[PDB]
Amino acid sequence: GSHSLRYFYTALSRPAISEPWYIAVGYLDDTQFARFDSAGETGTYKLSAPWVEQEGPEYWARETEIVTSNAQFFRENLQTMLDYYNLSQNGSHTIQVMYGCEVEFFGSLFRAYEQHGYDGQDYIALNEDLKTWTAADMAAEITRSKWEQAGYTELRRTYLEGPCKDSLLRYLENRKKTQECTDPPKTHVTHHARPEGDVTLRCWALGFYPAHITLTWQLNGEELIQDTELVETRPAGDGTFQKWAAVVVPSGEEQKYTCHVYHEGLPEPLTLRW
């Protein structure tokens, strides 16, 4: 229902060495379609999805120098923060930026964002109105002044509501062509003799897409939210994801428990018993 297009930039600032200085990855929902990086006069790119080739070499060449120019800008603003807290310039630091937009065909909702983080911490983020910024520390307040003065905020709003959104709807049309709507999870439940007695019932969900999913265990209709162990959703490696939910049940009472799987690639929630 809700689809996103997002760019994840990681730039490294280390005035003491060479420069595999920036990588930027782009995703359509949970699928990466491209990786740009500084390797090349103005970077280089590498696609990773069929529904992206349709754009052509001219397009992707332009898209790459744009990403590169953004990466240089992102990286350069670090300086404002170093001068304020008077840190050395030869020191190493990390700059991360994520920006993107999303659409919800249902209610045709649109949202966008752009957040910068220096050395693993918040620095500045664009507000929902796409007209103002939230500063995390004092140095970021300086950056905020500079960007409004420079017109940086409007440039971004224009990109977010214009090409970002246009690219999301296009890339989406494209995908409908080759890959199917979603990817339903294959499910089954394992068990495991618990060294401390009783058993662990484990409910698995594999090969699903997108990554969002909910795995629950019930007993007589109640969600066992506090006796349920969940692992972080993880990549199968083939563009698909996996997850499992476990519950410790008292010996002999296995058949009383049922697992509920909620996923958008399922017209209805899946129920599995031991």
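All residue numbers refer to positions in the sequence shown, first residue = 1.
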Practice prompt. Output the stretch having the higher mean C-alpha B factor in the entry; the candidates are 166 to 174 and 125 to 133.
Written response: 166 to 174
Worksheet item: Comparing 86 to 94 with 110 to 118, which has the greater mean CA B-factor as deposited?
Response: 86 to 94
Item to complete: Name the residue from 51, 209, 45, 244 with the greatest C-alpha temperature factor listed in the entry.
Response: 51
Worksheet item: Whose CA atom has the top B-factor in the entry, of 181, 160, 203, 150?
Response: 181
Worksheet entry | Position of residue 239 among the chain's modelled residues by C-alpha B-factor, lowest, middle or highest third | middle
Fill in: residue 260 - which third its CA temperature factor falls in, relative to the rest of the chain
lowest
Practice prompt. Please place residue 100 in the lowest, middle or highest third of its chain by C-alpha B factor as given in the entry.
Written response: lowest
Item to complete: Pull the Cα B-factor of residue 146 out of the PDB entry and bin it into the chain's lowest, middle or highest third.
Response: lowest
Worksheet, complete the sentence: Split the chain's modelled residues into thirds by Cα B-factor; residue 55 lands in the highest
